[PDB]
Amino acid sequence: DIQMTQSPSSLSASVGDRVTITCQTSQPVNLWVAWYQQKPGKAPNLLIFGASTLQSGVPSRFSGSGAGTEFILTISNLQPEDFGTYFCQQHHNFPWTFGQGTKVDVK
Amino acid sequence: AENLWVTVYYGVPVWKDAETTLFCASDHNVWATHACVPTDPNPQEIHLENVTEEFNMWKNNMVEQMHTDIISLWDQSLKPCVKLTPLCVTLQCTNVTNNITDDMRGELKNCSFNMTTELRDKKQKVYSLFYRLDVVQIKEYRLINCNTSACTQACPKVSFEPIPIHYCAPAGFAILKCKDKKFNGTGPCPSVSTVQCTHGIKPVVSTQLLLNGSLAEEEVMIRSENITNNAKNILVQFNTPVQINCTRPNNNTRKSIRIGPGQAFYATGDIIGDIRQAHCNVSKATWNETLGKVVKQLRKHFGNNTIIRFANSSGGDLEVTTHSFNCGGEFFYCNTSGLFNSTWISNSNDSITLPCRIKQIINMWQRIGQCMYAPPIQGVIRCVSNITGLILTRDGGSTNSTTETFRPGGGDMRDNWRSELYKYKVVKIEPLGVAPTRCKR
Amino acid sequence: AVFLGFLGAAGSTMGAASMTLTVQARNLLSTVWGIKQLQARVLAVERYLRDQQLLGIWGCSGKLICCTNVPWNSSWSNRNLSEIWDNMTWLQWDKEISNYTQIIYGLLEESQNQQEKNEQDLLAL
Amino acid sequence: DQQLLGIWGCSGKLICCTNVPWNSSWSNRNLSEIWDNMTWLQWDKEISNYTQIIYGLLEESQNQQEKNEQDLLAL
Amino acid sequence: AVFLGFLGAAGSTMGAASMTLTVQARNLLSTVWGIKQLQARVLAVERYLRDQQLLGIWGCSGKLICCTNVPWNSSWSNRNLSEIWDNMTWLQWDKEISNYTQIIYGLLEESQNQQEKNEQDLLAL
Amino acid sequence: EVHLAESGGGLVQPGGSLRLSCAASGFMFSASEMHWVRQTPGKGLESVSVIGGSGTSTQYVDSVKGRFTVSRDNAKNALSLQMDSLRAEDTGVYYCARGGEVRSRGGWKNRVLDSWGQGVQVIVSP
Ligand SMILES: *[C@@H]1O[C@H](CO)[C@@H](O[C@@H]2O[C@H](CO)[C@@H](O[C@@H]3O[C@H](CO)[C@@H](O)[C@H](O[C@H]4O[C@H](CO)[C@@H](O)[C@H](O)[C@@H]4O[C@H]4O[C@H](CO)[C@@H](O)[C@H](O)[C@@H]4O)[C@@H]3O)[C@H](O)[C@H]2NC(C)=O)[C@H](O)[C@H]1NC(C)=O
Ligand SMILES: *[C@@H]1O[C@H](CO)[C@@H](O[C@@H]2O[C@H](CO)[C@@H](O[C@@H]3O[C@H](CO)[C@@H](O)[C@H](O)[C@@H]3O)[C@H](O)[C@H]2NC(C)=O)[C@H](O)[C@H]1NC(C)=O
Ligand SMILES: *[C@@H]1O[C@H](CO)[C@@H](O[C@@H]2O[C@H](CO)[C@@H](O)[C@H](O)[C@H]2NC(C)=O)[C@H](O)[C@H]1NC(C)=O
Ligand SMILES: *[C@@H]1O[C@H](CO)[C@@H](O[C@@H]2O[C@H](CO)[C@@H](O)[C@H](O)[C@H]2NC(C)=O)[C@H](O)[C@H]1NC(C)=O
Ligand SMILES: *[C@@H]1O[C@H](CO)[C@@H](O[C@@H]2O[C@H](CO)[C@@H](O)[C@H](O)[C@H]2NC(C)=O)[C@H](O)[C@H]1NC(C)=O
Ligand SMILES: *[C@@H]1O[C@H](CO)[C@@H](O[C@@H]2O[C@H](CO)[C@@H](O)[C@H](O)[C@H]2NC(C)=O)[C@H](O)[C@H]1NC(C)=O
Ligand SMILES: *[C@@H]1O[C@H](CO)[C@@H](O[C@@H]2O[C@H](CO)[C@@H](O)[C@H](O)[C@H]2NC(C)=O)[C@H](O)[C@H]1NC(C)=O
Ligand SMILES: *[C@@H]1O[C@H](CO)[C@@H](O[C@@H]2O[C@H](CO)[C@@H](O)[C@H](O)[C@H]2NC(C)=O)[C@H](O)[C@H]1NC(C)=O
Ligand SMILES: *[C@@H]1O[C@H](CO)[C@@H](O[C@@H]2O[C@H](CO)[C@@H](O)[C@H](O)[C@H]2NC(C)=O)[C@H](O)[C@H]1NC(C)=O
Ligand SMILES: *[C@@H]1O[C@H](CO)[C@@H](O[C@@H]2O[C@H](CO)[C@@H](O)[C@H](O)[C@H]2NC(C)=O)[C@H](O)[C@H]1NC(C)=O
Ligand SMILES: *[C@@H]1O[C@H](CO)[C@@H](O)[C@H](O)[C@H]1NC(C)=O
Ligand SMILES: *[C@@H]1O[C@H](CO)[C@@H](O)[C@H](O)[C@H]1NC(C)=O
Ligand SMILES: *[C@@H]1O[C@H](CO)[C@@H](O)[C@H](O)[C@H]1NC(C)=O
Ligand SMILES: *[C@@H]1O[C@H](CO)[C@@H](O)[C@H](O)[C@H]1NC(C)=O
Ligand SMILES: *[C@@H]1O[C@H](CO)[C@@H](O)[C@H](O)[C@H]1NC(C)=O
């Protein structure tokens, strides 16, 4: 099974800061990587699919990029509603393995 | 059922490998920027998403084109300069015994000789100071190049400093650049971009060490066309530079001798004060750390439990045997014996000092019959440079011994051009395309 | 980043890549060093004129997406439009069908003249 | 010049009208005092600032017409 | 033998030779010696562009056979189509008519602009 | 609007069995793949199982292979997960999600978990 590694494990950022989260894979998965967010007591919400395509309705501040075995999620303008646990998932082959999660909280 | 009909598309994004002629782009010197196009203040690059290309640094025509252009520029620069044909005369030389140390004994020769003047009737007796490497005994001596060819004196107004040069492709072609770090110059690069022109490259001419080069962004990199074969050189690129300070402390003096109508020969009149060897200094701890990183990286390809030896150069010409370069127009050849001398086994402020010898008669490229005379520079000379790479050669390599010995290499200058254009390639577009479609004309 | 522009659509599908032909179309035209630059410019002009002539001979002059009368032979390719225009890139298709290029060109060239002759005959009446 | 003309769809034509409408912001003068009360040099001098935008609009408009023609011929 | 190909139809009649214009059209485009080759290529490109401009000015752009609105004057030639298109060669016709060349060119040039103006007027409504 | 509601969770002893139901509405159930995901307390997400549109293709992770069974009822637009021989590691929040087909900017089609349920709590303790 393809294992997903996230970095950093946790981070504290203030409003308006730029947040960058890196996700790595053992094997190539083309660009089939999806970035989700989870708030406390709520189910995950899709933000990025295809490693560069923004889901409809999501604010434009969220962006994704990368290639090979390295993908990056970028939040340009952190807002009070964007704090939570971010996950990167690979959906190229079953099983679809999630990352260990990056927790972004208020500094 | 399909009822598909042929359709022609113009502008399809398809490219093929090709070779063409690139041209200048730049922001008195040997590397003529006068006939080189101004560079755009805001260069443009377009990252290609989900495009993986094939790269191979050892089959690049850009290196050959750069070598040919550099040789052509060097030949062109020397055309309007004085030819030292009358200088081939019988010299009468003696040893210099005026305030010299125990290591510079016999290095300098005080010579006297007759020479022509502006009038073709009169002659003048003059004297000069020459280096032991430039005069060969025939008390009578002669210039080494007299029995091979007569070369021109480098004009004193042009500067040998390297200027960055950008290479640009013509219309209808494109330059692809690999942005994938840890790429070793051969294989599939998944991260690609299109660039109108190549980044600034300094045509620095040096051997046994890459000076004022580019540094790896991740860690020490090792490249080789065929690492198993010993006959192929190994290019090592550092992730951090090492400062080296090279100086000639002699206080030289220049004098002009009129050898003809509007023709002057520049000679070293006399040295003021003490005489001592020029030398280079390199940090010891930084060099040890760099060698530790290099051996750590080398252990990946040549076994984990092997013994790694650094030793002296095998031999050959002075250009290949010693670290040859120039500083402020003065041509240095340094003895890099204290650096590559150690053994590694799997498990404060002192500086290494390299003595150097100065030369004036220069054959830069691997050519016979075309030398060059460097006029002397007035005053002491000093310079500082960054070491950012090495050229190494494996010794032997048979299975009998488990110890790998690497020695300094060099000679061919194409490698110096191959360490910068390893992440670039040239392609040509093929706009026309044919497909099926449901139309009907 | 400048992800979109000139060759930015190289990695996209043929359907998506067909929307931006103009960006590739525009750039096709635009002492010792001057000689090399002049030679390169001459070669580029010759290539552009060759491409324009080849387009013109087939009757698709002044058009970027021009369909024609020659039908598609199933022998050259068997894949349907479902797995081509949105499940393939232009580079892959060109690599696959690089062998069968000239025959289609000849068919187009011989088809254009018949249409011209028929148009002249119709206008004669 | 020939490529620029051809890209807009006016290939092989000296007087070719197109589909992009005229924006009143670029110029407010009407045809009454333009086509018989002005010279070409004066008009070019007046409107030399706003050149590229109409070129881009023509370029983006031609491809839509081509796509529509292909779609109609598909039926 | 390669009797048919490129200029093989020179000796044939004008009617028979009118079926092979494309073979002639294709080939019109394609240290001391290199200078001569470059000069020749420059001249060839200039000639091709001149021919293309002359064709385009008359309104027959991108067409090999394009009949137009200018009527034929009987003064220039009196022979009928019966003894021309199948009883004469192109070289003979060019030799006979080579004196009367520029007037028809001017007539075509002045006729095209009137058609353009009329089309603009019609589209104005 | 796509709506998914989970039910059937609660407290169970080790070695017991439990059924989780997910009612779905607002889309074509027969033409969408269904996913069962679990989140353990203090850990990240994990895809427990997947079932295809026709219900003939089912896959599970190694941790639950041979114990968890996923089924679907297209007529009722319902999804079901049978769990047997439950262990302490199985405790957590179980979500039912839909794998919806989406088009990337380059023009390629894949499937992502674009819609999730509220989740249901299952506690495997003595
Ligand atoms: C790697 O890069 C480093 C830094 O980028 C390089 O080190 C630099 O090297 C240059 C060139 O040697 C040096 O610039 C010289 O500095 C001298 C001291 O300030 C200047 O005197 C000298 O000017 C003379 O040379 C010019 C031509 O180069 C002339 O245009 C100028 O008029 C001067 O010439 C007069 O004086 C001489 C001597 O009296 C006389 O003979 C002439 O006739 C004329 O009257 C240069 O400006 C930099 O200072 C160096 N940088 C540092 C930090 O030290 C290094 O060389 C690079 N490595 C390699 C291998 O190239
Ligand atoms: C980036 O580009 C690559 C290739 O250029 C894309 O990979 C391609 O993805 C498609 C899925 O849309 C694959 O199609 C699949 O083919 C298999 C076998 O034919 C079939 O069984 C599937 O049902 C599906 O049709 C395609 O094979 C694959 N290409 C290769 C070479 O494997 C990738 O999707 C692109 N990135 C993104 C984000 O789209
Ligand atoms: C090199 O030799 C010349 C000539 O022998 C030296 O010039 C002489 O210097 C002495 C004083 O040292 C004078 O008395 C002579 O008149 C000089 N000769 C001429 C012809 O001018 C010169 O000093 C020597 N240089 C060195 C470094 O030894
Ligand atoms: C410069 O020229 C003079 C004269 O030609 C040389 O002096 C002669 O040297 C030769 C030795 O080969 C003697 O045979 C002559 O008798 C000398 N003539 C005179 C007038 O002195 C002088 O040696 C030359 N300079 C050098 C450095 O060789
Ligand atoms: C790298 O060089 C080695 C040189 O040894 C190549 O292997 C040799 O190939 C020749 C070809 O006939 C054989 O005769 C030798 O016996 C081989 N040597 C060994 C030690 O096996 C090797 O092929 C080269 N690498 C590549 C990729 O070609
Ligand atoms: C290179 O290092 C040597 C020492 O290994 C330096 O030699 C000293 O140079 C200073 C110059 O300020 C003198 O004051 C000392 O007396 C010298 N000591 C010795 C033992 O030679 C040399 O200066 C260094 N050169 C450079 C260019 O850094
Ligand atoms: C090469 O020269 C540079 C300066 O040109 C030296 O940098 C100096 O390093 C000493 C440490 O020994 C510092 O105290 C000085 O402040 C530095 N000077 C400057 C201007 O930064 C460098 O150390 C020299 N390299 C070697 C190996 O001696
Ligand atoms: C590297 O070191 C070896 C010895 O450590 C040098 O060999 C010397 O070469 C000189 C040149 O003629 C001889 O005079 C010595 O006798 C040699 N030494 C020994 C011990 O044999 C070698 O020259 C050094 N490398 C370079 C490039 O100088
Ligand atoms: C480069 O430096 C090394 C080290 O000083 C030189 O090796 C010495 O050479 C001398 C002869 O000039 C011998 O007497 C020493 O025994 C040698 N030392 C060692 C450790 O081998 C070497 O010769 C120098 N390179 C050249 C070309 O002279
Ligand atoms: C030697 O390397 C150092 C470190 O890379 C160079 O100093 C850098 O110069 C660049 C200029 O392009 C600056 O942007 C960096 O901030 C500098 N870094 C540091 C740590 O100072 C230095 O210029 C190099 N020397 C030469 C001659 O190229
Ligand atoms: C000059 O000195 C060298 C080295 O000491 C010696 O070999 C040579 O014979 C000397 N030449 C003289 C004194 O002419
Ligand atoms: C010139 O002389 C040197 C040494 O006397 C010798 O090595 C060289 O071969 C000579 N040149 C030629 C062309 O013979
Ligand atoms: C390193 O070079 C070798 C040369 O054959 C190549 O096979 C390998 O793929 C390269 N490494 C990477 C990471 O591409
Ligand atoms: C070299 O000599 C000249 C002339 O005496 C003097 O002006 C200069 O200062 C000297 N250079 C040094 C470094 O002392
Ligand atoms: C080379 O290294 C050895 C130590 O292994 C040392 O004894 C010797 O002096 C070194 N040689 C030079 C020229 O520095």
# chains A, B, ... in the order shown; residues from 1 in each chain; ligands from 1

call {"tool": "residues_near_ligand", "arguments": {"ligand": "ligand 11", "cutoff": "12 Å", "atoms": "only C-alpha atoms and all ligand atoms", "output": "JSON, numbers by chain"}}
result
{"B": [92, 93, 94, 95, 96, 97, 100, 101, 102, 103, 104, 105, 106, 107, 108, 109, 110, 111, 132, 137, 139, 140, 141]}

call {"tool": "write_last_selection", "arguments": {"atoms": "N, CA and C atoms", "output": "short mmCIF file (atom, residue, chain, number, x, y, z; two decimals), in the first residue's frame"}}
result
data_model
loop_
_atom_site.label_atom_id
_atom_site.label_comp_id
_atom_site.auth_asym_id
_atom_site.auth_seq_id
_atom_site.Cartn_x
_atom_site.Cartn_y
_atom_site.Cartn_z
N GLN B 92 71.14 36.68 -23.59
CA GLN B 92 72.23 36.41 -22.66
C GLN B 92 71.71 36.67 -21.26
N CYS B 93 71.56 35.61 -20.47
CA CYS B 93 70.85 35.67 -19.20
C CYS B 93 71.75 35.25 -18.04
N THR B 94 71.44 35.81 -16.87
CA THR B 94 72.11 35.49 -15.62
C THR B 94 71.07 35.26 -14.53
N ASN B 95 71.51 34.65 -13.44
CA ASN B 95 70.64 34.39 -12.30
C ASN B 95 70.41 35.67 -11.51
N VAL B 96 69.21 35.81 -10.96
CA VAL B 96 68.85 36.94 -10.11
C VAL B 96 69.16 36.56 -8.67
N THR B 97 69.97 37.39 -8.00
CA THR B 97 70.43 37.13 -6.64
C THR B 97 70.26 38.41 -5.81
N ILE B 100 66.03 37.26 -2.54
CA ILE B 100 65.18 36.11 -2.87
C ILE B 100 65.28 35.10 -1.74
N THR B 101 64.25 34.27 -1.62
CA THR B 101 64.17 33.25 -0.59
C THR B 101 64.81 31.96 -1.11
N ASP B 102 64.67 30.87 -0.35
CA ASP B 102 65.25 29.59 -0.72
C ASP B 102 64.41 28.83 -1.74
N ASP B 103 63.18 29.26 -2.01
CA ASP B 103 62.30 28.57 -2.95
C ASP B 103 62.21 29.26 -4.30
N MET B 104 62.57 30.54 -4.39
CA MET B 104 62.53 31.29 -5.64
C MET B 104 63.91 31.41 -6.29
N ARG B 105 64.85 30.55 -5.90
CA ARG B 105 66.20 30.59 -6.46
C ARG B 105 66.17 29.95 -7.85
N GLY B 106 66.57 30.72 -8.86
CA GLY B 106 66.56 30.26 -10.23
C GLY B 106 65.23 30.41 -10.94
N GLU B 107 64.19 30.89 -10.25
CA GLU B 107 62.89 31.07 -10.90
C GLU B 107 62.92 32.22 -11.90
N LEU B 108 63.70 33.27 -11.62
CA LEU B 108 63.78 34.45 -12.46
C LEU B 108 65.15 34.54 -13.10
N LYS B 109 65.19 35.00 -14.35
CA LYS B 109 66.42 35.19 -15.10
C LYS B 109 66.47 36.61 -15.64
N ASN B 110 67.61 37.27 -15.43
CA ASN B 110 67.84 38.62 -15.93
C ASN B 110 68.56 38.51 -17.27
N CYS B 111 67.86 38.84 -18.35
CA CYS B 111 68.35 38.64 -19.70
C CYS B 111 68.63 39.98 -20.37
N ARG B 132 61.74 31.14 -15.52
CA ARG B 132 62.51 29.97 -15.93
C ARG B 132 61.70 29.07 -16.86
N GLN B 137 67.65 26.85 -22.51
CA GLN B 137 69.05 26.99 -22.90
C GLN B 137 69.26 26.47 -24.32
N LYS B 139 74.98 29.96 -21.07
CA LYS B 139 74.58 31.32 -20.77
C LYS B 139 73.63 31.89 -21.83
N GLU B 140 73.51 31.21 -22.96
CA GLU B 140 72.64 31.62 -24.05
C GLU B 140 71.31 30.89 -23.94
N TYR B 141 70.21 31.63 -24.05
CA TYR B 141 68.87 31.10 -23.92
C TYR B 141 68.00 31.62 -25.06
#

call {"tool": "residues_near_ligand", "arguments": {"ligand": "ligand 4", "cutoff": "6 Å", "atoms": "only C-alpha atoms and all ligand atoms", "output": "MDAnalysis selection string"}}
result
chainID B and resid 91:92 112:114

call {"tool": "select_by_dssp", "arguments": {"residues": "segment 129-353 of chain B", "states": "alpha helix (DSSP H)", "output": "ChimeraX atom specification"}}
result
/B:284-301,318-321

call {"tool": "closest_atom_pairs", "arguments": {"of": "chain D", "to": "chain B", "cutoff": "7 Å", "atoms": "only C-alpha atoms", "output": "Markdown table"}}
result
| residue | atom | partner | partner_atom | distance |
| --- | --- | --- | --- | --- |
| D:70 | CA | B:439 | CA | 6.7 |
| D:73 | CA | B:439 | CA | 5.6 |
| D:74 | CA | B:439 | CA | 4.6 |

call {"tool": "closest_atom_pairs", "arguments": {"of": "segment 10-54 of chain D", "to": "segment 54-63 of chain E", "cutoff": "12 Å", "atoms": "only C-alpha atoms", "output": "Markdown table"}}
result
| residue | atom | partner | partner_atom | distance |
| --- | --- | --- | --- | --- |
| D:10 | CA | E:61 | CA | 11.8 |
| D:11 | CA | E:61 | CA | 8.5 |
| D:12 | CA | E:56 | CA | 5.8 |
| D:13 | CA | E:59 | CA | 7.7 |
| D:14 | CA | E:57 | CA | 8.6 |

call {"tool": "closest_residue", "arguments": {"among": "B:131, B:160, B:173, B:331", "to": "residue 17 of chain B", "atoms": "only C-alpha atoms"}}
result
B:173

call {"tool": "residues_near_ligand", "arguments": {"ligand": "ligand 6", "cutoff": "10 Å", "atoms": "only C-alpha atoms and all ligand atoms", "output": "list in words"}}
result
residues 244, 245, 246, 247, 248, 249, 278, 279, 280, 281, 282, 283, 349, 350, 351, 352, 353, 354, 381, 382, 383 and 384 of chain B

call {"tool": "write_last_selection", "arguments": {"atoms": "N, CA, C and O atoms", "output": "short mmCIF file (atom, residue, chain, number, x, y, z; two decimals), in the first residue's frame"}}
result
data_model
loop_
_atom_site.label_atom_id
_atom_site.label_comp_id
_atom_site.auth_asym_id
_atom_site.auth_seq_id
_atom_site.Cartn_x
_atom_site.Cartn_y
_atom_site.Cartn_z
N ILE B 244 38.73 30.55 -1.53
CA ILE B 244 40.15 30.40 -1.81
C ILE B 244 40.72 31.76 -2.17
O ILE B 244 40.16 32.47 -3.01
N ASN B 245 41.83 32.13 -1.52
CA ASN B 245 42.45 33.44 -1.71
C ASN B 245 43.82 33.26 -2.34
O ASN B 245 44.72 32.70 -1.71
N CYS B 246 43.99 33.75 -3.57
CA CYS B 246 45.23 33.60 -4.33
C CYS B 246 45.87 34.96 -4.55
O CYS B 246 45.19 35.91 -4.96
N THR B 247 47.17 35.06 -4.29
CA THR B 247 47.87 36.33 -4.37
C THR B 247 49.29 36.15 -4.90
O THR B 247 49.97 35.16 -4.59
N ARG B 248 49.72 37.12 -5.71
CA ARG B 248 51.11 37.31 -6.10
C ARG B 248 51.62 38.58 -5.42
O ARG B 248 51.17 39.68 -5.79
N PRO B 249 52.52 38.51 -4.44
CA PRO B 249 52.91 39.71 -3.70
C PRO B 249 54.07 40.50 -4.29
O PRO B 249 54.43 41.54 -3.72
N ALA B 278 54.25 33.49 -5.21
CA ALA B 278 52.80 33.63 -5.15
C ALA B 278 52.19 32.35 -4.60
O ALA B 278 52.75 31.26 -4.74
N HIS B 279 51.02 32.49 -3.97
CA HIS B 279 50.44 31.33 -3.31
C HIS B 279 48.94 31.52 -3.12
O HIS B 279 48.42 32.64 -3.21
N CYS B 280 48.27 30.40 -2.86
CA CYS B 280 46.84 30.38 -2.56
C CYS B 280 46.62 29.81 -1.17
O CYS B 280 47.41 28.99 -0.68
N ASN B 281 45.54 30.25 -0.53
CA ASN B 281 45.14 29.78 0.79
C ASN B 281 43.71 29.25 0.73
O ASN B 281 42.84 29.87 0.11
N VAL B 282 43.49 28.11 1.38
CA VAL B 282 42.18 27.48 1.46
C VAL B 282 41.91 27.09 2.91
O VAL B 282 42.80 26.60 3.60
N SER B 283 40.67 27.30 3.36
CA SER B 283 40.31 26.94 4.72
C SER B 283 40.43 25.43 4.92
O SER B 283 40.10 24.64 4.02
N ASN B 349 42.16 27.57 12.92
CA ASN B 349 42.30 28.67 11.96
C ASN B 349 43.39 28.43 10.93
O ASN B 349 43.58 29.29 10.06
N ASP B 350 44.11 27.31 10.99
CA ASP B 350 45.15 27.04 10.01
C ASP B 350 44.54 26.85 8.62
O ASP B 350 43.43 26.33 8.47
N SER B 351 45.28 27.29 7.61
CA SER B 351 44.84 27.23 6.22
C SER B 351 45.86 26.48 5.38
O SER B 351 47.07 26.66 5.55
N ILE B 352 45.36 25.64 4.48
CA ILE B 352 46.24 24.94 3.55
C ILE B 352 46.78 25.94 2.53
O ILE B 352 46.02 26.71 1.92
N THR B 353 48.10 25.93 2.36
CA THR B 353 48.80 26.86 1.48
C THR B 353 49.30 26.09 0.25
O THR B 353 50.04 25.11 0.39
N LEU B 354 48.89 26.55 -0.93
CA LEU B 354 49.29 25.95 -2.20
C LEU B 354 50.26 26.89 -2.91
O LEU B 354 49.84 27.99 -3.31
N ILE B 381 49.14 41.54 -6.85
CA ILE B 381 47.84 41.04 -7.31
C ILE B 381 47.25 40.16 -6.22
O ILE B 381 47.96 39.38 -5.58
N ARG B 382 45.94 40.30 -5.99
CA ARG B 382 45.22 39.46 -5.05
C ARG B 382 43.82 39.22 -5.58
O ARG B 382 43.26 40.06 -6.29
N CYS B 383 43.26 38.06 -5.23
CA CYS B 383 41.90 37.74 -5.63
C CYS B 383 41.36 36.66 -4.71
O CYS B 383 42.11 35.92 -4.07
N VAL B 384 40.03 36.57 -4.66
CA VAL B 384 39.32 35.57 -3.87
C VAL B 384 38.25 34.95 -4.75
O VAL B 384 37.62 35.64 -5.56
#

call {"tool": "residues_near_ligand", "arguments": {"ligand": "ligand 10", "cutoff": "8 Å", "atoms": "only C-alpha atoms and all ligand atoms", "output": "list in words"}}
result
residues 212, 213, 215, 240, 241, 242, 243, 384, 385 and 386 of chain B

call {"tool": "closest_residue", "arguments": {"among": "B:50, B:326, B:250, B:208", "to": "ligand 8", "atoms": "only C-alpha atoms and all ligand atoms"}}
result
B:208

call {"tool": "atom_distance", "arguments": {"atom1": "atom CA of residue 162 of chain B", "atom2": "atom CA of residue 340 of chain B"}}
result
27.5 Å

call {"tool": "residues_around", "arguments": {"residues": "segment 35-40 of chain F", "least_positions_apart": "5", "cutoff": "10 Å", "atoms": "only C-alpha atoms", "output": "ChimeraX atom specification"}}
result
/A:43 /F:20,22,45-52,58-60,70,79-81,89-99,113,116,119-122

call {"tool": "atom_distance", "arguments": {"atom1": "atom CA of residue 54 of chain A", "atom2": "atom CA of residue 71 of chain D"}}
result
29.5 Å

call {"tool": "closest_residue", "arguments": {"among": "C:2, C:10, C:69, C:52", "to": "residue 3 of chain D", "atoms": "only C-alpha atoms"}}
result
C:52

call {"tool": "residues_around", "arguments": {"residues": "segment 86-97 of chain A", "least_positions_apart": "5", "cutoff": "6 Å", "atoms": "only C-alpha atoms", "output": "MDAnalysis selection string"}}
result
chainID A and resid 29 32:37 102

call {"tool": "closest_residue", "arguments": {"among": "D:20, D:25, D:61, D:48", "to": "chain C", "atoms": "only C-alpha atoms"}}
result
D:61

call {"tool": "residues_near_ligand", "arguments": {"ligand": "ligand 8", "cutoff": "12 Å", "atoms": "only C-alpha atoms and all ligand atoms", "output": "number ranges by chain"}}
result
B: 208, 310-324, 333-342, 354-356, 407-409

call {"tool": "write_last_selection", "arguments": {"atoms": "C-alpha atoms", "output": "PDB file, in the first residue's frame"}}
result
ATOM      1  CA  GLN B 208      41.072  20.673 -11.635  1.00  0.00           C
ATOM      2  CA  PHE B 310      42.448  10.928  -2.417  1.00  0.00           C
ATOM      3  CA  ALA B 311      45.951  11.227  -3.880  1.00  0.00           C
ATOM      4  CA  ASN B 312      48.023  13.326  -6.278  1.00  0.00           C
ATOM      5  CA  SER B 313      47.580  13.671 -10.029  1.00  0.00           C
ATOM      6  CA  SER B 314      49.156  11.021 -12.244  1.00  0.00           C
ATOM      7  CA  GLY B 315      51.099  13.294 -14.578  1.00  0.00           C
ATOM      8  CA  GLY B 316      51.304  14.884 -17.993  1.00  0.00           C
ATOM      9  CA  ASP B 317      51.414  18.499 -19.122  1.00  0.00           C
ATOM     10  CA  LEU B 318      51.622  21.303 -16.577  1.00  0.00           C
ATOM     11  CA  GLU B 319      48.121  22.437 -17.569  1.00  0.00           C
ATOM     12  CA  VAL B 320      46.524  19.083 -16.711  1.00  0.00           C
ATOM     13  CA  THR B 321      48.849  18.233 -13.803  1.00  0.00           C
ATOM     14  CA  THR B 322      48.354  21.495 -11.863  1.00  0.00           C
ATOM     15  CA  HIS B 323      45.391  23.756 -11.115  1.00  0.00           C
ATOM     16  CA  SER B 324      45.683  26.317 -13.921  1.00  0.00           C
ATOM     17  CA  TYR B 333      49.503  27.226 -12.041  1.00  0.00           C
ATOM     18  CA  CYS B 334      49.042  25.975  -8.472  1.00  0.00           C
ATOM     19  CA  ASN B 335      50.202  22.699  -6.920  1.00  0.00           C
ATOM     20  CA  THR B 336      47.061  21.143  -5.409  1.00  0.00           C
ATOM     21  CA  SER B 337      48.881  18.394  -3.519  1.00  0.00           C
ATOM     22  CA  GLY B 338      47.837  19.150   0.071  1.00  0.00           C
ATOM     23  CA  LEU B 339      44.106  19.044  -0.684  1.00  0.00           C
ATOM     24  CA  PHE B 340      43.606  15.664  -2.401  1.00  0.00           C
ATOM     25  CA  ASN B 341      45.794  13.711   0.018  1.00  0.00           C
ATOM     26  CA  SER B 342      43.932  11.560   2.551  1.00  0.00           C
ATOM     27  CA  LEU B 354      49.292  25.950  -2.195  1.00  0.00           C
ATOM     28  CA  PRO B 355      52.407  27.397  -3.894  1.00  0.00           C
ATOM     29  CA  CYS B 356      51.834  28.622  -7.438  1.00  0.00           C
ATOM     30  CA  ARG B 407      42.695  11.679  -8.423  1.00  0.00           C
ATOM     31  CA  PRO B 408      42.228  15.209  -9.793  1.00  0.00           C
ATOM     32  CA  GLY B 409      41.309  15.521 -13.458  1.00  0.00           C
TER      33      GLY B 409
END
